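Next comes coords_24.pdb, a file with PDB, N, CA and C atoms and all ligand atoms.
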```
ATOM      1  N   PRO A  17      70.214-102.892-103.909
ATOM      2  CA  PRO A  17      71.680-102.870-103.665
ATOM      3  C   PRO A  17      72.110-101.529-103.023
ATOM      4  N   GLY A  18      73.373-101.111-103.215
ATOM      5  CA  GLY A  18      73.838 -99.714-103.058
ATOM      6  C   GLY A  18      73.913 -99.030-104.407
ATOM      7  N   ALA A  19      73.409 -99.697-105.446
ATOM      8  CA  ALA A  19      73.494 -99.247-106.854
ATOM      9  C   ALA A  19      72.096 -99.279-107.492
ATOM     10  N   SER A  20      71.103 -98.650-106.866
ATOM     11  CA  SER A  20      69.717 -98.707-107.352
ATOM     12  C   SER A  20      69.277 -97.320-107.817
ATOM     13  N   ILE A  21      69.763 -96.214-107.237
ATOM     14  CA  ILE A  21      69.275 -94.844-107.571
ATOM     15  C   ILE A  21      70.420 -94.084-108.242
ATOM     16  N   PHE A  22      70.113 -93.315-109.263
ATOM     17  CA  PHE A  22      71.048 -92.392-109.912
ATOM     18  C   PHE A  22      70.661 -90.988-109.465
ATOM     19  N   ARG A  23      71.667 -90.262-108.977
ATOM     20  CA  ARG A  23      71.487 -88.869-108.552
ATOM     21  C   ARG A  23      72.404 -88.011-109.407
ATOM     22  N   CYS A  24      72.130 -86.700-109.451
ATOM     23  CA  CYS A  24      73.012 -85.714-110.084
ATOM     24  C   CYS A  24      74.320 -85.738-109.305
ATOM     25  N   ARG A  25      75.432 -85.899-109.977
ATOM     26  CA  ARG A  25      76.770 -85.950-109.382
ATOM     27  C   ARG A  25      77.093 -84.613-108.666
ATOM     28  N   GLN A  26      76.574 -83.498-109.159
ATOM     29  CA  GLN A  26      76.954 -82.155-108.679
ATOM     30  C   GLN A  26      76.156 -81.796-107.432
ATOM     31  N   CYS A  27      74.932 -82.264-107.256
ATOM     32  CA  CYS A  27      74.056 -81.726-106.176
ATOM     33  C   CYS A  27      73.266 -82.829-105.463
ATOM     34  N   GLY A  28      73.153 -84.063-105.999
ATOM     35  CA  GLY A  28      72.359 -85.089-105.289
ATOM     36  C   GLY A  28      70.908 -85.209-105.703
ATOM     37  N   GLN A  29      70.433 -84.349-106.595
ATOM     38  CA  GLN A  29      69.047 -84.428-107.105
ATOM     39  C   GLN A  29      68.747 -85.852-107.579
ATOM     40  N   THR A  30      67.595 -86.390-107.186
ATOM     41  CA  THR A  30      67.134 -87.719-107.607
ATOM     42  C   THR A  30      66.832 -87.705-109.107
ATOM     43  N   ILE A  31      67.419 -88.597-109.921
ATOM     44  CA  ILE A  31      67.238 -88.515-111.393
ATOM     45  C   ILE A  31      66.630 -89.816-111.931
ATOM     46  N   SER A  32      67.184 -90.981-111.617
ATOM     47  CA  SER A  32      66.675 -92.205-112.246
ATOM     48  C   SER A  32      67.032 -93.433-111.403
ATOM     49  N   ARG A  33      66.886 -94.627-111.975
ATOM     50  CA  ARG A  33      67.077 -95.894-111.236
ATOM     51  C   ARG A  33      67.739 -96.850-112.209
ATOM     52  N   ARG A  34      68.501 -97.816-111.700
ATOM     53  CA  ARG A  34      69.101 -98.851-112.564
ATOM     54  C   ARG A  34      67.951 -99.638-113.210
ATOM     55  N   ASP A  35      66.873 -99.873-112.455
ATOM     56  CA  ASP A  35      65.682-100.622-112.932
ATOM     57  C   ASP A  35      65.098 -99.989-114.199
ATOM     58  N   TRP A  36      65.372 -98.717-114.452
ATOM     59  CA  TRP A  36      64.737 -97.929-115.533
ATOM     60  C   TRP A  36      65.679 -97.830-116.734
ATOM     61  N   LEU A  37      66.804 -98.527-116.704
ATOM     62  CA  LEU A  37      67.701 -98.577-117.887
ATOM     63  C   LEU A  37      66.952 -99.241-119.031
ATOM     64  N   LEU A  38      67.206 -98.785-120.241
ATOM     65  CA  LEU A  38      66.506 -99.228-121.472
ATOM     66  C   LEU A  38      67.571 -99.683-122.469
ATOM     67  N   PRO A  39      67.637-100.975-122.849
ATOM     68  CA  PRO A  39      68.498-101.404-123.970
ATOM     69  C   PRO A  39      68.062-100.912-125.364
ATOM     70  N   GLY A  42      70.343-102.853-129.025
ATOM     71  CA  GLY A  42      70.149-103.705-127.831
ATOM     72  C   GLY A  42      71.219-103.490-126.764
ATOM     73  N   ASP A  43      71.547-102.235-126.466
ATOM     74  CA  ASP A  43      72.517-101.845-125.408
ATOM     75  C   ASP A  43      71.942-100.613-124.694
ATOM     76  N   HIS A  44      72.104-100.528-123.365
ATOM     77  CA  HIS A  44      71.734 -99.308-122.608
ATOM     78  C   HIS A  44      72.801 -98.228-122.856
ATOM     79  N   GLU A  45      74.052 -98.610-123.165
ATOM     80  CA  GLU A  45      75.167 -97.643-123.364
ATOM     81  C   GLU A  45      75.412 -97.338-124.847
ATOM     82  N   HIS A  46      75.495 -96.046-125.198
ATOM     83  CA  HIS A  46      75.762 -95.511-126.557
ATOM     84  C   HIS A  46      76.857 -94.459-126.466
ATOM     85  N   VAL A  47      77.910 -94.541-127.258
ATOM     86  CA  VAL A  47      78.972 -93.504-127.197
ATOM     87  C   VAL A  47      78.843 -92.654-128.447
ATOM     88  N   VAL A  48      78.649 -91.353-128.277
ATOM     89  CA  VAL A  48      78.304 -90.448-129.404
ATOM     90  C   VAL A  48      79.168 -89.183-129.324
ATOM     91  N   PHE A  49      79.278 -88.438-130.419
ATOM     92  CA  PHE A  49      79.985 -87.139-130.531
ATOM     93  C   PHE A  49      78.967 -86.112-131.034
ATOM     94  N   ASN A  50      78.992 -84.915-130.464
ATOM     95  CA  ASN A  50      78.212 -83.756-130.974
ATOM     96  C   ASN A  50      79.057 -83.053-132.037
ATOM     97  N   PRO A  51      78.493 -82.050-132.737
ATOM     98  CA  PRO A  51      79.240 -81.370-133.790
ATOM     99  C   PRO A  51      80.453 -80.574-133.278
ATOM    100  N   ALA A  52      80.523 -80.264-131.978
ATOM    101  CA  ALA A  52      81.703 -79.643-131.332
ATOM    102  C   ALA A  52      82.723 -80.720-130.940
ATOM    103  N   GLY A  53      82.473 -81.965-131.326
ATOM    104  CA  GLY A  53      83.390 -83.099-131.147
ATOM    105  C   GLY A  53      83.418 -83.623-129.732
ATOM    106  N   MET A  54      82.537 -83.158-128.849
ATOM    107  CA  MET A  54      82.451 -83.637-127.453
ATOM    108  C   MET A  54      81.917 -85.063-127.485
ATOM    109  N   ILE A  55      82.641 -85.980-126.833
ATOM    110  CA  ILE A  55      82.247 -87.408-126.682
ATOM    111  C   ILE A  55      81.389 -87.521-125.425
ATOM    112  N   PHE A  56      80.280 -88.224-125.533
ATOM    113  CA  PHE A  56      79.379 -88.516-124.398
ATOM    114  C   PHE A  56      79.162 -90.016-124.362
ATOM    115  N   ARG A  57      79.230 -90.567-123.157
ATOM    116  CA  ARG A  57      78.864 -91.977-122.898
ATOM    117  C   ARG A  57      77.452 -91.923-122.352
ATOM    118  N   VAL A  58      76.483 -92.255-123.189
ATOM    119  CA  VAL A  58      75.048 -92.021-122.909
ATOM    120  C   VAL A  58      74.453 -93.350-122.446
ATOM    121  N   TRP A  59      73.766 -93.321-121.316
ATOM    122  CA  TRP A  59      72.922 -94.460-120.860
ATOM    123  C   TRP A  59      71.480 -94.095-121.182
ATOM    124  N   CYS A  60      70.764 -94.989-121.861
ATOM    125  CA  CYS A  60      69.323 -94.774-122.158
ATOM    126  C   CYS A  60      68.470 -95.271-120.986
ATOM    127  N   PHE A  61      67.551 -94.438-120.537
ATOM    128  CA  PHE A  61      66.549 -94.752-119.492
ATOM    129  C   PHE A  61      65.147 -94.624-120.074
ATOM    130  N   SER A  62      64.226 -95.483-119.642
ATOM    131  CA  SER A  62      62.799 -95.343-120.000
ATOM    132  C   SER A  62      62.232 -94.114-119.284
ATOM    133  N   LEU A  63      62.764 -93.797-118.122
ATOM    134  CA  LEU A  63      62.136 -92.859-117.180
ATOM    135  C   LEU A  63      63.236 -92.154-116.424
ATOM    136  N   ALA A  64      62.973 -90.895-116.094
ATOM    137  CA  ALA A  64      63.833 -90.039-115.267
ATOM    138  C   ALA A  64      62.922 -88.988-114.643
ATOM    139  N   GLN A  65      63.395 -88.362-113.602
ATOM    140  CA  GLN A  65      62.697 -87.295-112.831
ATOM    141  C   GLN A  65      63.751 -86.257-112.432
ATOM    142  N   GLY A  66      63.334 -85.137-111.846
ATOM    143  CA  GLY A  66      64.236 -84.134-111.270
ATOM    144  C   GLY A  66      64.996 -83.356-112.342
ATOM    145  N   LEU A  67      64.616 -83.489-113.604
ATOM    146  CA  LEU A  67      65.246 -82.768-114.742
ATOM    147  C   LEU A  67      64.417 -81.517-115.024
ATOM    148  N   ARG A  68      64.992 -80.598-115.771
ATOM    149  CA  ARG A  68      64.277 -79.497-116.422
ATOM    150  C   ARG A  68      64.593 -79.573-117.917
ATOM    151  N   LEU A  69      63.562 -79.782-118.749
ATOM    152  CA  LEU A  69      63.705 -79.922-120.222
ATOM    153  C   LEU A  69      63.576 -78.522-120.802
ATOM    154  N   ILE A  70      64.560 -78.094-121.580
ATOM    155  CA  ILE A  70      64.707 -76.673-122.000
ATOM    156  C   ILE A  70      64.314 -76.565-123.463
ATOM    157  N   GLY A  71      63.394 -75.664-123.792
ATOM    158  CA  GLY A  71      63.023 -75.373-125.179
ATOM    159  C   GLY A  71      62.088 -76.410-125.747
ATOM    160  N   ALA A  72      62.002 -76.447-127.068
ATOM    161  CA  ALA A  72      61.131 -77.361-127.814
ATOM    162  C   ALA A  72      62.053 -78.363-128.503
ATOM    163  N   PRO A  73      61.534 -79.542-128.874
ATOM    164  CA  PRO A  73      62.361 -80.572-129.492
ATOM    165  C   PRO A  73      62.992 -80.102-130.801
ATOM    166  N   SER A  74      64.116 -80.718-131.148
ATOM    167  CA  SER A  74      64.841 -80.541-132.431
ATOM    168  C   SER A  74      65.254 -81.933-132.927
ATOM    169  N   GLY A  75      65.139 -82.192-134.213
ATOM    170  CA  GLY A  75      65.702 -83.398-134.851
ATOM    171  C   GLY A  75      67.139 -83.174-135.306
ATOM    172  N   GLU A  76      67.681 -81.945-135.213
ATOM    173  CA  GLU A  76      69.023 -81.609-135.779
ATOM    174  C   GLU A  76      70.097 -82.501-135.129
ATOM    175  N   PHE A  77      70.854 -83.269-135.905
ATOM    176  CA  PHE A  77      72.022 -84.045-135.405
ATOM    177  C   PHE A  77      71.574 -85.132-134.423
ATOM    178  N   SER A  78      70.306 -85.528-134.398
ATOM    179  CA  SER A  78      69.846 -86.565-133.457
ATOM    180  C   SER A  78      70.673 -87.839-133.661
ATOM    181  N   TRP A  79      71.163 -88.395-132.564
ATOM    182  CA  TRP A  79      71.915 -89.669-132.544
ATOM    183  C   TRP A  79      70.966 -90.856-132.696
ATOM    184  N   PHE A  80      69.665 -90.668-132.492
ATOM    185  CA  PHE A  80      68.692 -91.789-132.465
ATOM    186  C   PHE A  80      67.675 -91.570-133.567
ATOM    187  N   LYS A  81      67.646 -92.481-134.542
ATOM    188  CA  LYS A  81      66.825 -92.357-135.766
ATOM    189  C   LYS A  81      65.375 -92.176-135.376
ATOM    190  N   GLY A  82      64.717 -91.121-135.867
ATOM    191  CA  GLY A  82      63.271 -90.895-135.672
ATOM    192  C   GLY A  82      62.962 -90.106-134.408
ATOM    193  N   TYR A  83      63.970 -89.722-133.606
ATOM    194  CA  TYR A  83      63.734 -89.004-132.336
ATOM    195  C   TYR A  83      64.231 -87.562-132.428
ATOM    196  N   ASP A  84      63.461 -86.667-131.821
ATOM    197  CA  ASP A  84      63.805 -85.254-131.602
ATOM    198  C   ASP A  84      64.238 -85.103-130.143
ATOM    199  N   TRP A  85      65.175 -84.209-129.878
ATOM    200  CA  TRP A  85      65.774 -84.081-128.529
ATOM    201  C   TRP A  85      65.435 -82.721-127.949
ATOM    202  N   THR A  86      65.363 -82.693-126.630
ATOM    203  CA  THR A  86      65.391 -81.480-125.792
ATOM    204  C   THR A  86      66.508 -81.672-124.778
ATOM    205  N   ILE A  87      67.271 -80.620-124.553
ATOM    206  CA  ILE A  87      68.307 -80.573-123.483
ATOM    207  C   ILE A  87      67.627 -80.830-122.132
ATOM    208  N   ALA A  88      68.189 -81.750-121.354
ATOM    209  CA  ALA A  88      67.761 -82.069-119.987
ATOM    210  C   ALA A  88      68.824 -81.522-119.036
ATOM    211  N   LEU A  89      68.472 -80.484-118.276
ATOM    212  CA  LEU A  89      69.299 -80.050-117.140
ATOM    213  C   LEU A  89      68.831 -80.760-115.864
ATOM    214  N   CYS A  90      69.734 -80.833-114.902
ATOM    215  CA  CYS A  90      69.372 -81.086-113.493
ATOM    216  C   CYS A  90      68.407 -79.961-113.129
ATOM    217  N   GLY A  91      67.204 -80.290-112.644
ATOM    218  CA  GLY A  91      66.201 -79.304-112.244
ATOM    219  C   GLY A  91      66.671 -78.557-111.038
ATOM    220  N   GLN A  92      67.586 -79.123-110.279
ATOM    221  CA  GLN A  92      68.089 -78.487-109.038
ATOM    222  C   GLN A  92      69.240 -77.522-109.373
ATOM    223  N   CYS A  93      70.324 -78.008-109.957
ATOM    224  CA  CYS A  93      71.609 -77.282-110.062
ATOM    225  C   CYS A  93      71.887 -76.788-111.482
ATOM    226  N   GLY A  94      71.130 -77.199-112.491
ATOM    227  CA  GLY A  94      71.318 -76.650-113.851
ATOM    228  C   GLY A  94      72.361 -77.411-114.661
ATOM    229  N   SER A  95      73.023 -78.387-114.068
ATOM    230  CA  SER A  95      74.072 -79.219-114.725
ATOM    231  C   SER A  95      73.423 -79.889-115.944
ATOM    232  N   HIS A  96      74.126 -79.899-117.076
ATOM    233  CA  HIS A  96      73.602 -80.582-118.289
ATOM    234  C   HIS A  96      73.741 -82.102-118.105
ATOM    235  N   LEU A  97      72.651 -82.814-117.901
ATOM    236  CA  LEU A  97      72.705 -84.265-117.591
ATOM    237  C   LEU A  97      72.441 -85.117-118.834
ATOM    238  N   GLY A  98      71.885 -84.538-119.900
ATOM    239  CA  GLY A  98      71.621 -85.289-121.143
ATOM    240  C   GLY A  98      70.481 -84.691-121.936
ATOM    241  N   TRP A  99      69.642 -85.554-122.485
ATOM    242  CA  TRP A  99      68.552 -85.166-123.416
ATOM    243  C   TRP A  99      67.335 -86.029-123.159
ATOM    244  N   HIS A 100      66.167 -85.451-123.386
ATOM    245  CA  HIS A 100      64.891 -86.179-123.496
ATOM    246  C   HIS A 100      64.624 -86.374-125.005
ATOM    247  N   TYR A 101      64.332 -87.593-125.383
ATOM    248  CA  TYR A 101      64.032 -87.946-126.797
ATOM    249  C   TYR A 101      62.536 -88.198-126.914
ATOM    250  N   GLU A 102      61.915 -87.681-127.963
ATOM    251  CA  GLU A 102      60.472 -87.851-128.229
ATOM    252  C   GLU A 102      60.230 -87.857-129.720
ATOM    253  N   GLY A 103      58.997 -88.164-130.109
ATOM    254  CA  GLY A 103      58.537 -88.092-131.494
ATOM    255  C   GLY A 103      58.857 -89.337-132.291
ATOM    256  N   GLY A 104      59.368 -90.393-131.651
ATOM    257  CA  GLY A 104      59.730 -91.628-132.394
ATOM    258  C   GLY A 104      58.728 -92.737-132.155
ATOM    259  N   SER A 105      59.177 -93.998-132.252
ATOM    260  CA  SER A 105      58.326 -95.215-132.204
ATOM    261  C   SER A 105      59.047 -96.325-131.425
ATOM    262  N   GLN A 106      58.316 -97.003-130.534
ATOM    263  CA  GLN A 106      58.766 -98.200-129.787
ATOM    264  C   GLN A 106      60.176 -97.992-129.228
ATOM    265  N   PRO A 107      60.383 -97.151-128.199
ATOM    266  CA  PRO A 107      59.323 -96.342-127.600
ATOM    267  C   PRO A 107      59.175 -94.949-128.229
ATOM    268  N   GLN A 108      58.071 -94.265-127.922
ATOM    269  CA  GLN A 108      57.851 -92.869-128.398
ATOM    270  C   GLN A 108      58.899 -91.953-127.767
ATOM    271  N   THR A 109      59.226 -92.169-126.494
ATOM    272  CA  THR A 109      60.124 -91.308-125.710
ATOM    273  C   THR A 109      61.111 -92.124-124.859
ATOM    274  N   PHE A 110      62.228 -91.504-124.518
ATOM    275  CA  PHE A 110      63.200 -92.010-123.515
ATOM    276  C   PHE A 110      64.155 -90.876-123.151
ATOM    277  N   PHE A 111      65.047 -91.150-122.194
ATOM    278  CA  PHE A 111      66.077 -90.198-121.783
ATOM    279  C   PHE A 111      67.434 -90.762-122.117
ATOM    280  N   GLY A 112      68.271 -89.929-122.710
ATOM    281  CA  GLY A 112      69.697 -90.230-122.871
ATOM    282  C   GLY A 112      70.480 -89.422-121.885
ATOM    283  N   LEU A 113      71.067 -90.068-120.879
ATOM    284  CA  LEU A 113      71.743 -89.342-119.782
ATOM    285  C   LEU A 113      73.226 -89.658-119.825
ATOM    286  N   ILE A 114      74.021 -88.626-119.552
ATOM    287  CA  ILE A 114      75.496 -88.702-119.569
ATOM    288  C   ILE A 114      75.971 -89.415-118.290
ATOM    289  N   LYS A 115      76.427 -90.650-118.429
ATOM    290  CA  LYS A 115      76.646 -91.565-117.287
ATOM    291  C   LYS A 115      77.575 -90.887-116.272
ATOM    292  N   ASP A 116      78.644 -90.214-116.704
ATOM    293  CA  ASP A 116      79.667 -89.697-115.756
ATOM    294  C   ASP A 116      79.165 -88.427-115.046
ATOM    295  N   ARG A 117      77.968 -87.945-115.376
ATOM    296  CA  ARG A 117      77.369 -86.774-114.681
ATOM    297  C   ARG A 117      76.371 -87.229-113.615
ATOM    298  N   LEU A 118      76.252 -88.531-113.429
ATOM    299  CA  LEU A 118      75.362 -89.132-112.417
ATOM    300  C   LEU A 118      76.222 -89.823-111.364
ATOM    301  N   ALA A 119      75.639 -90.069-110.199
ATOM    302  CA  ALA A 119      76.224 -90.882-109.134
ATOM    303  C   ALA A 119      75.230 -91.981-108.773
ATOM    304  N   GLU A 120      75.717 -93.228-108.676
ATOM    305  CA  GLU A 120      74.863 -94.386-108.397
ATOM    306  C   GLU A 120      74.932 -94.723-106.910
ATOM    307  N   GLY A 121      73.808 -95.086-106.308
ATOM    308  CA  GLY A 121      73.800 -95.395-104.887
ATOM    309  C   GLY A 121      72.485 -95.961-104.352
ATOM    310  N   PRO A 122      72.476 -96.189-103.028
ATOM    311  CA  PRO A 122      71.345 -96.815-102.336
ATOM    312  C   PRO A 122      70.025 -96.039-102.427
ATOM    313  N   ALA A 123      68.918 -96.790-102.347
ATOM    314  CA  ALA A 123      67.516 -96.313-102.401
ATOM    315  C   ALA A 123      67.262 -95.323-101.258
TER
HETATM  316  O1  LIG A 201      71.024 -86.274-130.286
HETATM  317  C1  LIG A 201      71.733 -85.315-130.074
HETATM  318  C2  LIG A 201      71.443 -84.375-128.940
HETATM  319  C3  LIG A 201      72.470 -83.278-128.715
HETATM  320  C4  LIG A 201      73.337 -82.838-129.877
HETATM  321  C5  LIG A 201      72.777 -81.733-130.802
HETATM  322  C6  LIG A 201      73.799 -80.646-130.644
HETATM  323  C7  LIG A 201      73.740 -79.367-131.366
HETATM  324  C8  LIG A 201      72.585 -79.034-132.074
HETATM  325  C9  LIG A 201      72.503 -77.849-132.788
HETATM  326  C10 LIG A 201      73.574 -76.977-132.813
HETATM  327  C11 LIG A 201      74.735 -77.268-132.126
HETATM  328  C12 LIG A 201      74.835 -78.454-131.413
HETATM  329 CL1  LIG A 201      76.340 -78.754-130.567
HETATM  330  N1  LIG A 201      74.739 -80.930-129.826
HETATM  331  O2  LIG A 201      74.511 -82.208-129.253
HETATM  332  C13 LIG A 201      73.671 -83.988-130.822
HETATM  333  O3  LIG A 201      74.623 -83.915-131.571
HETATM  334  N2  LIG A 201      72.798 -85.038-130.892
HETATM  335 NA    NA A 202      62.025 -83.912-106.686
HETATM  336 ZN    ZN A 203      72.337 -81.261-110.019
END
```

Is it possible to give me this structure as C-alpha cells?
Amino acid sequence: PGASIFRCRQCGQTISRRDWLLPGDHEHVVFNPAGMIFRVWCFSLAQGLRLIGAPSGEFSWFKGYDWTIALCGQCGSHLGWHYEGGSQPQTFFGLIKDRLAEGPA
C-alpha cells in the first residue's frame, strides 16, 4: 500500500512495517509513573533503533518482560521500548504510535 513502512516521525529513519505488528490487540494504552499516556503498538520486529542501558522489570506494562528504552538510532527521539526476558514471545517492541509515520515501501 502507501501504509507498509513505519519511519521515525522526526527524521525518516526506517523503523518497522505494518506486516510486523504483533497482537489479542496490537494497540495498548498505558501510563508511566510520571502519568504520561502512551498509545503503544506492539511489533515482532523493528530496526534503526538504539537500545539504551540494560533491561529493567521496574513498572513493566507487560507481565514477565523487562524493558530497555528504544531511541531512534538516527535522531535520538524516544520511540518506545524493547521487551525481553519473557515467553511466547521472548522479545518484542512496544513503539509509541504517534512518534512514527506510516508510508510506502
Ligand atoms: O513498561 C514500561 C516501560 C517504561 C516505563 C518505566 C518508566 C520508569 C522506570 C523507572 C523510573 C522512572 C520511570 Cl518514569 N517509565 O516508563 C513504564 O512505566 N513501563
Ligand atoms: Na539503517
Ligand atoms: Zn528519528

Any chance you could list, as JSON, numbers by chain, the residues in chain A that come up strand (DSSP E or B) when DSSP is run on the backbone?
-> {"A": [21, 22, 23, 24, 30, 31, 32, 33, 37, 45, 46, 47, 48, 49, 55, 56, 57, 58, 59, 60, 61, 67, 68, 69, 70, 71, 72, 73, 74, 84, 85, 86, 87, 88, 89, 90, 96, 97, 98, 99, 100, 101, 102, 110, 111, 112, 113, 114, 118, 119, 120, 121]}

Where does the PyMOL selection byres (((chain A and resi 53-70) around 8) and not hetatm) land in this file, that is, which residues does it pick, as a count of residues only?
-> 44

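Candidate residues A:97, A:123, A:21, A:118 were compared for distance to residue A:34, and the nearest is A:21, using only N, CA and C atoms.
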
If you count only C-alpha atoms, which residues fall within 12 Å of residue A:105, apart from same-chain ones fewer than 5 positions away, as a ChimeraX atom specification?
-> /A:80-84,110

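Distances to ligand LIG 201 (chain A) were evaluated for A:79, A:117, A:101, A:106 using only C-alpha atoms and all ligand atoms, and the minimum falls at A:79.
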
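Straight-line separation from atom N of residue A:107 to atom C of residue A:24: 26.1 Å.
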